[PDB]
Each structure stands twice: as structure tokens, then as C-alpha cells.
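Values in this text are rule-based calculations from the coordinates and carry no lab data. Don't worry about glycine lacking a Cβ; one is built from the backbone with ideal geometry, like all the others, and counts go over all protein chains shown.
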2 protein chains.
Amino acid sequence: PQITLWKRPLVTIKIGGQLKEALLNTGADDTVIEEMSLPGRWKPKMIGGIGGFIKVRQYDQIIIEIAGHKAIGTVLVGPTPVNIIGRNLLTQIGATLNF
Amino acid sequence: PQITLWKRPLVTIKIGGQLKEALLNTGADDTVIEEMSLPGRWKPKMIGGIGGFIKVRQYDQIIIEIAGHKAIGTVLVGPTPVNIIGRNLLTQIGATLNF
Ligand SMILES: CC(C)CN(C[C@@H](O)[C@H](Cc1ccccc1)NC(=O)O[C@H]1CO[C@H]2OCC[C@H]21)S(=O)(=O)c1ccc(N)cc1
Ligand SMILES: [Cl-]
Ligand code: NA
């Protein structure tokens with residue numbers, strides 16, 4: 001796809017069998033999803049956004065489908081205003097910015 | 001150009017006579033720049049993301065040069081940790097996400 005930016009670049013994702021909406025976010029180093037259950041152990045992470053730093057749960061090697069594209073990588077879980085797909089998974093699906 | 005997302009998509013911008021580095025941010029509706037003076041009227045706004053909200057000044061009809069391409073639109077000025085070029089200006093330079 002070639003996605004223009006007149007609207008939010010929202011796509012459907014699938015994680016743990018569940019469809020969710022998420023924003024493709026070139027401004028995010030990391031993928032951050034709202035509270036949900038994920039398998040395995042997690043490790044601590046602090047991430048800094050516009051308003052300050054927060055604690056999140058870091059899960060590694062999570063299978064996620066993004067707009068029909070398969071990715072396997074790190075997902076952060078915490079109080080984000082919207083689910084965000086960051087560069088760690090945008091690279092896996094081959095996304096680029098073009099102008 | 002085509003910008004890969006292995007690293008943060010940083011570009012040079014010219015705004016208010018000043019060169020700055022900024023992040024191309026498809027996850028942001030509005031452009032937000034670190035504290036600086038801009039001409040004309042403004043009004044206060046609150047914007048929020050991970051870690052909460054910050055108060056900014058909203059300036060309308062500001063010209064920015066983004067990696068060489070001139071665009072005009074609203075610029076928010078405030079204590080953002082990173083200068084961010086949001087969709088409101090990315091659209092004007094014809095930026096798309098491709099995968
Ligand atoms: C949270 C998003 C819905 C919205 N944001 C833009 C977003 O891309 C920020 C943009 C950004 C980038 C760096 C620092 C602050 C904000 N990225 C961000 O918080 O990413 C976090 C997850 O990965 C980590 O990598 C970057 C910080 C972490 S935001 O900065 O909160 C925001 C809200 C409204 C406007 N107009 C502009 C920005
Ligand atoms: Cl267009
Ligand atoms: Na103005």
C-alpha cells in the first residue's frame with residue numbers, strides 16, 4: 001500500500017488471535033499496545049513520550065500481523081492513548097517514508 | 001527521497017529563520033517544535049501522548065522548509081522533548097508510507 005497522511009494511518013493488527021486497530025507511527029521507536037494479556041515473561045522498560053516517561057511491560061518475540069503483514073518482535077504493553085506500531089515492526093513489514 | 005526506518009527519520013527544517021532537526025512523525029496530527037519565538041497571533045492548546053499532556057502555543061499559517069520542501073500550516077510550540085513534523089505538514093510535502 002501507499003498510505004497518504006490526510007487521515008490517521010490506522011490499520012488492523014492481529015495479536016493473540018484478536019483484531020485491534022493501531023497507528024503506523026514513524027515517530028515511535030517501539031510498538032506500544034494497550035493493556036492486554038501476552039504470553040511468556042516480560043522485562044521492564046521506560047519510554048519517554050510527549051508528556052514524560054512511563055513504565056511499560058516489554059514482551060519479546062511476539063507474533064503480530066500488521067495490515068496483513070507478518071511480524072515477530074518486541075511489543076510494549078502500557079497506558080498508551082492509542083495502539084502504536086513503531087519502527088521496530090515497521091521495518092519488518094518493509095515500510096518506508098517517501099516524498 | 002525514500003527514507004528507511006532503521007533509524008529515526010530526522011530531517012533538517014527551517015522555521016522562523018532558524019535551522020532545526022526534526023522527526024518525521026506519522027503518529028502526530030500536528031507539528032510541535034521546542035520553545036522558540038514565532039511571529040503573529042497564537043492561542044493556547046493542550047496536547048497529549050504517552051506520559052500525558054503539555055501546554056503549547058498554537059500559531060497558524062507558519063511557513064516551514066522541510067528537507068527542502070516548503071509548506072505552510074499550524075505549528076505548536078512548547079516543551080516537547082523532540083521537534084516533530086506531524087501529518088498536517090507531511091501531507092503538504094506529499095509524504096506517504098509505503099509497504
Ligand atoms: C503517542 C502518539 C499517539 C502521539 N505523539 C507522537 C509520537 O510519534 C511520539 C513522538 C515523540 C518522540 C520522542 C519523544 C517524544 C515524542 N512518539 C512516542 O511517544 O514514541 C514512544 C514509543 O517509542 C519511543 O520512541 C519515541 C518515544 C517513545 S505525541 O508526541 O504524543 C503528540 C500529540 C499531539 C501532537 N500534535 C504531537 C505529538
Ligand atoms: Cl495526496
Ligand atoms: Na499566524
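Observations
For (1) more than 12 Å from chain B (Cβ to nearest Cβ); (2) of a type in the set (D, E), each residue gets a yes or a no:
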position	(1), (2)
A:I15	yes, no
A:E34	no, yes
A:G49	no, no
A:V56	no, no
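So that you can scan it fast, the table gives a plain yes or no per residue for (1) in a helix (DSSP H, G or I); (2) within 16 Å of ligand 2 (Cβ to nearest atom); (3) aromatic (F, W, Y); (4) closer than 11 Å to B:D30 by Cα:
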position	(1), (2), (3), (4)
B:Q58	no, no, no, yes
B:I62	no, no, no, no
B:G73	no, yes, no, yes
B:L76	no, no, no, yes
B:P81	no, no, no, no
B:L89	yes, yes, no, yes
B:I93	no, yes, no, no
B:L97	no, yes, no, no
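- Scanning segment B:28-56 for residues that are closer than 29 Å to B:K7 by Cα, part of a loop (DSSP other than H, G, I, E, B) and either free of Cβ contacts under 8 Å to residues at least 24 places away in the same chain or among the β-branched types (V, I, T) (or both) yields B:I50, B:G51.
- Residues located in segment B:17-32, provided they are under 17 Å from B:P81 (Cβ atoms) and within 14 Å of chain A (Cβ to nearest Cβ): B:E21, B:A22, B:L23, B:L24, B:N25, B:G27, B:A28, B:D30, B:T31, B:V32
- Among the conditions (1) out of contact with any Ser or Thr (no Cβ under 9 Å at 6 or more places or on another chain); (2) surrounded by 19 or more Cβ atoms within 10 Å (Cβ to Cβ); (3) β-branched (V, I, T), A:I62 misses just one, which is (1).
- A:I64 within 13 Å of chain B (Cβ to nearest Cβ) and free of Cβ contacts under 8 Å to residues at least 60 places away in the same chain: no
- Pick from segment B:11-27, criterion within 23 Å of A:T4 (Cβ to Cβ) and assigned to a loop (DSSP other than H, G, I, E, B), ranking: nearest to ligand 3 (Cβ to nearest atom): B:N25
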